[PDB]
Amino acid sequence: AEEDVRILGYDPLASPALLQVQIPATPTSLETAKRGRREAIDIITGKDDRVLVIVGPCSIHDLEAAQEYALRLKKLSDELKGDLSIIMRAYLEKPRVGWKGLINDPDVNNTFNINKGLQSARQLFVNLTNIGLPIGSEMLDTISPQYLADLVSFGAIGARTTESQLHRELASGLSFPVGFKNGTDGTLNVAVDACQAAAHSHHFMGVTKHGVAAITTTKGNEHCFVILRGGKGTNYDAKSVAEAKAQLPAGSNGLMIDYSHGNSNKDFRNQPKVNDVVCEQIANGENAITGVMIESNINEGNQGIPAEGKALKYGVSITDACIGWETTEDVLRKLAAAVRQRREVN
């Protein structure tokens, strides 16, 4: 009998329940999460005319820098809350080459420690939600969300998994809105199909809170939407948006636009130009644009990890390039103005 010839070992994993006791959610974390969800729901279904904003770092390698970022984001959020509902990006990895993410390599020293990773991720998420800021993250697989789901207001399925049956089944049992990205080829038919699929009940192999594989029956998720993110070209302009709307069946949730990634084509400086174009549409009465996504840090750009380890410029991304804090301020103020102007066209 020949099995496990390419398995080096099975390493012990703390169960979700074990981590949920060890790093407990505060009342404020839990309330913050549920509020982010309600607000998101009202925006994507058209009941609120504010725009949903998912903004923050490409990924979080540094919990302390992330806390200092979050505080600025939260104060900005208090001021702009008439117009914008703000959820911080609390993403753990970048689509894989270079740094393997906070779950895999939380000490940013190219080793593995998935257990300490899940602890860091959970501690992060609690730290952020506890100051009253809702968070969003990528839904990576069927296991890790069980460690974190109590804290999350928004879940994303990346371009690379929108087609994946398992991620569509998973999205169908999650306790929050899920955005599906358009395919890496730059078409959205895959994200429309994901939304439809995810709206139905499925059965997938999940894990229970005690860390055992079990058959998991889902209810279906009515709060999935499509996220425009470019690809093979950019797709944030009015013609692209018109074609996107032409593909959504009646009763669709609103569209979200990502300013980064394929939309900014290899230059983070392009994010504010994406905002200008998206604001012009929203100002002019485009009610189908209900969300945006922005890769923002304290300081702009990105950096490689140098011979010296985790010790690295503070508040600078080690995955995708971000716009810096002051650009983010300008960018978000200008969006809120668009929002108010759309109100008056309406």
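Residue numbers here begin at 1 and follow the sequence given. Here the rigid core means the biggest group of C-alpha atoms that line up within 1.5 Å when the two forms are laid on top of each other.
Using the rigid core as the fitting frame, the root mean square C-alpha deviation in 7 other deposited structures of this protein is greater for 198 to 206 than for the other of 198 to 206 and 131 to 139. Between 111 to 119 and 79 to 87, the larger root mean square Cα shift in 7 other deposited structures of this protein, once each structure is superposed on the rigid core, falls on 111 to 119. Gaps at residue 310 occur in at least a third of the other compared entries of the protein that contain both adjacent residues. Counting the deposited residues that fall between residue 311 and residue 312 and carry no coordinates gives a value of 1 to 3. Count the deposited residues lacking coordinates between residue 96 and residue 97 and you get 1 to 3 of them. According to the PDB record, 238 to 246 carries the higher mean C-alpha B-factor of the two stretches 156 to 164 and 238 to 246. Between the stretches 27 to 35 and 300 to 308, it is 300 to 308 that shows the larger average CA temperature factor. Taking the PDB entry at face value, the top CA B factor among 202, 223, 229, 269 belongs to 269. For the set 256, 76, 140, 174, the maximum C-alpha B-factor listed in the entry falls on 76. For residue 1, the recorded CA B-factor ranks within the highest third of the chain. Only modelled residues enter the ranking. Sort the chain's modelled residues by C-alpha temperature factor and residue 85 lands in the highest third, per the entry. Residue-level temperature factors show residue 151 in the lowest third of its chain, judged at the C-alpha atom.
Among the modelled residues of its chain, residue 20 has a C-alpha B-factor that falls in the middle third according to the deposited record.
Looking at the C-alpha B-factors along this chain, the one for residue 322 belongs to the middle third.
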